[PDB]
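Taking it in order: structure first as structure tokens, then the write-up.
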Amino acid sequence: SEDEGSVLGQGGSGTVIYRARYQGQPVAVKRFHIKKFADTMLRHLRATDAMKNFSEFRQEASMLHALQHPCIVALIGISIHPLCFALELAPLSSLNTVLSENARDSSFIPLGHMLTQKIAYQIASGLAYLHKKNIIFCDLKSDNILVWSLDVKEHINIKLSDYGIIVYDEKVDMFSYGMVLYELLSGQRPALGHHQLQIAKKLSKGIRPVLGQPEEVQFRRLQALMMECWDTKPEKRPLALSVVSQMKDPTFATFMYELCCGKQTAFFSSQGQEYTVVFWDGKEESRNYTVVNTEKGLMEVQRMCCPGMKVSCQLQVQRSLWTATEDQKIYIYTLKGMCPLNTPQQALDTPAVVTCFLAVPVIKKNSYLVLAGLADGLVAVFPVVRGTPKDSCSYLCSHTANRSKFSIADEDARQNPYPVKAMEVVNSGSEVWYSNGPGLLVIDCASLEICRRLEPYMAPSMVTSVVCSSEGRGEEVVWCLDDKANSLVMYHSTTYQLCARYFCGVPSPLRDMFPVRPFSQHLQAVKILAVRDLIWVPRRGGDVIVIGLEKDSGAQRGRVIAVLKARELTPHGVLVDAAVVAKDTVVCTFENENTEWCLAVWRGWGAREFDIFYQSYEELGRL
Amino acid sequence: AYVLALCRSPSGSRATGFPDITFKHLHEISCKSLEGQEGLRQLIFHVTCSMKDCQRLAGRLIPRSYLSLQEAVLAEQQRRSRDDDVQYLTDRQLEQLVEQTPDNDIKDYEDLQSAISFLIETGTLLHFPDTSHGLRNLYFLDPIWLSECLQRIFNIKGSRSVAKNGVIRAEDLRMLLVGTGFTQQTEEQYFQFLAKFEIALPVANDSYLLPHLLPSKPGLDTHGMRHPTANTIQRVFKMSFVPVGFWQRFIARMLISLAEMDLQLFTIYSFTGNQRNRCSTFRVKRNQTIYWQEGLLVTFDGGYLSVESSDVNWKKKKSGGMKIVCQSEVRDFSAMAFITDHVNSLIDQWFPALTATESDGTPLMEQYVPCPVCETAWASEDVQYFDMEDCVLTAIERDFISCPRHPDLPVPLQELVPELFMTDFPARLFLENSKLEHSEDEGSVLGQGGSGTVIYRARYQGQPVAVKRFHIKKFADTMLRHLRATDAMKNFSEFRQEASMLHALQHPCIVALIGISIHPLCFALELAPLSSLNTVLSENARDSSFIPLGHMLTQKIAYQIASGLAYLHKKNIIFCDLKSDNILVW
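First to last, the protein sequences are chains W and E. Mapping of the first sequence onto the UniProt record's numbering: residues 1241 to 1277, 1285 to 1412, 1439 to 1791, 1903 to 2007, in sequence order. Mapping of the second sequence onto the UniProt record's numbering: residues 776 to 828, 835 to 1047, 1061 to 1173, 1182 to 1277, 1285 to 1395, in sequence order.
Printed below as a string of structure tokens:
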């Protein structure tokens, strides 16, 4: 159909691409219109134009038939009467269309994080394929990048056409790729003006439509690739094939940005109602804190005064922040005072300094129990009703439990008053597991008596982290991390039986894997971070190894899905801590020789997202 | 007033399904003092003389030939009564009495037909209009003789050595019944008659089943045949009353239907949009059968179905009723739809009065389905259940109905009433709604069938398709919900029947089936590019004398039509509506 409403686009040849149907398939038919209204000159001009159009026909047919890639619009056939040929028709129209539609209602990354990365990868792959074929685009733009799927699990989402809806080289196409990246990330055109000569002069003078910062775009690696792509010196601009290689790095996939607060004294991570990523500085009169909100990359609270003693942790309990100070006291403030919580609402005494916390919810009571892991291996139980703390404690003695049930020798090294470090809830909060030295102790949340002892490690070892996760089959499973051994061990929660070991001190975790029955410091583990159905294990070297389980005849094979490290985090020193701040966000905190702390935030991906990433690369490699 | 409250609508009009009863149809009498008997006599005379036929019924003008035939048949009845003869007037014998009539103006059959109507509505002739297999060709003279014969057959309480679980050999029945006929010259008529009344149904080529002689519940393990499987569907019927002989006739009908299915799986059929029905959706190979006066179990390859009388007391509404449970490891629950159609057919034929409600709109029968979620929660008690009317009303719109006792625990309909979701046929034959560019526009109408359903032009997977969609709704009220559920159930029965007959056939000259869908209830056939044979035939007929299509083309079209008819006849499928409009061109 030649109707004006059937017009799908126009090319630079003066030819028109219409919407049509071929064999019931929706097709984009480029037709050539040659006639321009007995005369000799008319016949001559007509034959000349027809000859030129036929030359263009042959050239386009040759270049279309010669190419086959996943991200190029394929050719259906070629016809003589009329002189036209059919290409695949994009169901979703151009990249520009949907990009504008999603740009209207967002700030950055209108298409979504994973989708934006995949589209950038596909464009880079197409450009690399053309460059391998020694084919130069010279007119790369959002109007001629056509869309076929807006899904993230789908293999192909876009293809590049020869039509839209002086000296050229791969660096020019990469400059245009940088502009396409700008449009992808921002959703807005590079509006440097209305006159293209002045836009070109501005671009040549290094002027660019600068967007926000990594805290705001939250996809810093793409921003670095972008800025490197439009470098005013073409010799420095990347190669498209190099970009295709780079995109396969999971660090690009998951790292968002980093934020530095300068000098502090300690770091803690909370649930995120407030003090989401808190750093503590000062002491006594000058004691203060700085809070980072990871979803915005902002410091709404900066060195806000909070007088008192040095704190090891601060448990947020439905409104009330329980500051474990070194004076064997928990100072309980509340959010009613907003940020400057200088006056505590309660002060609860302990026989030893509180080293860690846990808040186990009793749903049958609609209440909480704050279990404070003390400096001597004993557990202080403080009931909580609607954020109101109680002074009537229950102190649980590890030594009494050992004398009662576990019967460890009084001469054993396990008798040391080792401080409680790790605390976790298992069995829908029916039991609380906490680490004491090489061992672990399980408190019954109904009677609050220390019910079980597990031995993930043997003396003189020490467990520093304990986190519970559940496989997709409903098997609830608990990791236990050790400092001396530099290894983690996995138990079944419903049997209290050791079932796997994962050694972390691996200099080269090349597809590192271990079974599951039915520079030396740089490899030292930091913390267990249970994210969705995977476990992130940060290490002192700045790299975090993410592991999942593969099913094998009922048994499991724990295996790394990806190794993650943003090299740009090197100046901030050794990785000290880490946390899971949201279901789809993870943080890891470095400290340097100046005691200056930095926060590096990663997309809290699970098995689904890592699998989609790696599977996309493997599958597109196979196409 | 009470007897009107039992028969009148709350509005004061006649309630649905009930006669037109008023104060003018009420009376009371005594037999000793004869109080009010004169009043009743006067009322009878008033209503009879007030009876309009057309003129008034009492004294209406009727041909003297019809009256002469009336006296003739009365004389024939008297003759046979004197002769101790059998009271069947065959079609030939009635025609002979017509021929013997003096001054007979009856010359073609329709005049006789009107006369027959007269003879029936004056109590002269008795008729059972069963047109199947020519069984209609018989008329009755004496109600007393009829009742006597039916009581004589009912009277035969043969021992288990005689009644082999309710069946007696044909020769034994023929011998036992001699005294009021049942000779070799009348055996065929008598067995035709008993089959019409469903008194002695044929059994193999050996015996006849007498439904009042069904055995008691045999000492067999009917519970050990049950499986602890998730592929379990249950239905429960509650009934205000149980008709006498309900279970006997009901069970006998399933028995004979299973027998004929077993025979065919090794003769009334239908094609095209037609009122005629058949259990073509039932294709099951039986393995064992147990049956008794008040129930039956059938065990087939892949599962079983049980029906049994039960003390149904949902919502403390204890009354008559029954339970049905069907299990099938292949998700084939066509046996339950088979039983559903049998329930409907039995009630419509023999207890159609039960297809109604109370004077206030309360159904005489109700159907419920035990709730899988509530049963799982309990697993007795008044466990929850879903009204069948709500089930069907929800299946047509939504994949889901909420559970009353567990509002936030989903019950799937397909795990509730799979017969309304087609768990029988392979999934490959499903029609994808996302791939169908269906349109209901008046310009998209490709045709209409006899089912009241509309065939539209649409696109499926880019292919031009003829999608037959069913339109069920006809604009809080109880009667509305009831009528709606009934129509949806009937439309789903037609859906299953058409799907079965379409999937079962593959010939060059039959329109093939692309797939079948539930939401909306519709299915796709191939769409003819050249429209109907009638269209192009008229177009080419305008400009020719004979053979508009061309010699060879005309011969080929005739051959193709003959081939299609031959294929259908080999399949024992009858067209009955062959015409140019439904022969489509490609």
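For each residue, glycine too, the CB sits at the ideal point set by N, CA and C.
Residue i - containing alpha helix (DSSP H), residue span
i         : result
E/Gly1373 : 1360-1379
W/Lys1536 : Taken as a continuous stretch (DSSP letters only), W/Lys1536 belongs to no alpha helix (DSSP H), being part of the beta strand (DSSP E) at 1528-1536.
E/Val879  : 872-881
E/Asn1081 : Segment 1080-1086 is the beta strand (DSSP E) holding E/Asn1081; no alpha helix (DSSP H) there.
E/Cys930  : 924-936
W/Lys1475 : 1469-1477
E/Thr1134 : 1128-1144
W/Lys1444 : 1443-1459
W/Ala1962 : Element bounds for W/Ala1962: not the alpha helix (DSSP H) but the beta strand (DSSP E), 1958-1966.
E/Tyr777  : 777-780
E/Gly814  : 812-824
E/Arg1200 : No alpha helix (DSSP H) holds E/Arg1200; DSSP gives it neither H nor E.
W/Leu2004 : 1991-2006
W/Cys1502 : 1493-1502
Residues that DSSP places opposite residue i in a beta bridge
i         : result
W/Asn1709 : W/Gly1712
W/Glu1557 : W/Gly1581
W/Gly1249 : W/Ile1257
E/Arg1271 : E/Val1256, E/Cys1331
E/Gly1114 : E/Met1020
W/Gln1587 : W/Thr1596
W/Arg1941 : W/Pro1788, W/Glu1934
W/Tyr1604 : W/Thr1596, W/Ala1620
W/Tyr1262 : W/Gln1265
E/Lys1237 : Its beta-bridge partners do not exist; DSSP assigns none.
W/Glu1697 : W/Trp1706
Cβ pair residue i, residue j closer than 7 Å
i         : j         : result
E/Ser1103 : E/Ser1021 : no
E/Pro996  : E/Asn946  : yes
E/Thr905  : E/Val822  : no
W/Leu2007 : W/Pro1317 : yes
W/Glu1599 : W/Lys1583 : yes
W/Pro1782 : W/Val1958 : no
W/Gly1660 : W/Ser1593 : yes
W/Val1971 : W/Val1550 : yes
Within chain A, the residues that residue i reaches when beta carbons sit closer than 7 Å
i         : result
E/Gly1264 : The chain inventory of the structure shown lacks chain A, comprising the protein chains W and E.
The beta strand (DSSP E) enclosing residue i, as first and last residue numbers
i         : result
E/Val1167 : That residue, E/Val1167, is in no beta strand (DSSP E); its alpha helix (DSSP H) goes 1166-1172.
E/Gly1097 : 1097-1103
W/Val1762 : 1760-1765
W/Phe1630 : 1627-1635
W/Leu1644 : 1640-1647
E/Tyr1063 : Premise fails: E/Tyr1063 is in no beta strand (DSSP E) and is neither H nor E.
W/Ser1743 : 1736-1743
W/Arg1725 : 1723-1727
Legend entry - Sufficient close CB pairs (3 or more, under 8 Å) joining the segment 1350-1367 of chain W to the segment 1289-1307 of chain W: no
Inset, instruction - Note down, one range per segment and in chain order, each beta strand (DSSP E) of at least 3 residues found wholly within the segment 1289-1343 of chain E. - result: 1322-1326, 1331-1335
Legend entry - Inter-stretch contact at 8 Å, needing at least 3 Cβ pairs: the segment 1313-1320 of chain E / the segment 1207-1224 of chain E: no
Inset, instruction - Inspect the CB distances between the segment 1333-1346 of chain W and the segment 1267-1276 of chain W and report whether three or more fall short of 8 Å. - result: yes
Inset, instruction - For the segment 1688-1708 of chain W and the segment 1644-1651 of chain W, state whether three or more C-beta atom pairs, one from each stretch, are separated by less than 8 Å. - result: yes
Inset, instruction - Kindly confirm or deny that the segment 1708-1728 of chain W and the segment 1903-1914 of chain W touch, where touching means at least three C-beta pairs closer than 8 Å. - result: no
Inset, instruction - Run through the segment 914-1000 of chain E for me and flag every whole beta strand (DSSP E) of 3 or more residues, listed as ranges in chain order. - result: 948-950, 982-984, 988-990
Legend entry - Contact the segment 1453-1463 of chain W vs the segment 1385-1394 of chain W: 3+ CB pairs below 8 Å: yes
Inset, instruction - Determine contact between the segment 1600-1615 of chain W and the segment 1567-1579 of chain W, defined as no fewer than three beta-carbon pairs at a distance below 8 Å. - result: yes
Inset, instruction - Tell me, please, whether the segment 957-977 of chain E touches the segment 865-877 of chain E by the rule of three or more beta-carbon pairs shorter than 8 Å. - result: yes
Legend entry - At least 3 beta-carbon pairs within less than 8 Å: the segment 1767-1782 of chain W vs the segment 1958-1971 of chain W: no
Legend entry - Contact the segment 1114-1134 of chain E vs the segment 1145-1152 of chain E: 3+ CB pairs below 8 Å: no
Inset, instruction - Say whether the segment 1557-1572 of chain W touches the segment 780-799 of chain E, bearing in mind that this needs 3 or more beta-carbon pairs closer than 8 Å, one atom from each stretch. - result: no
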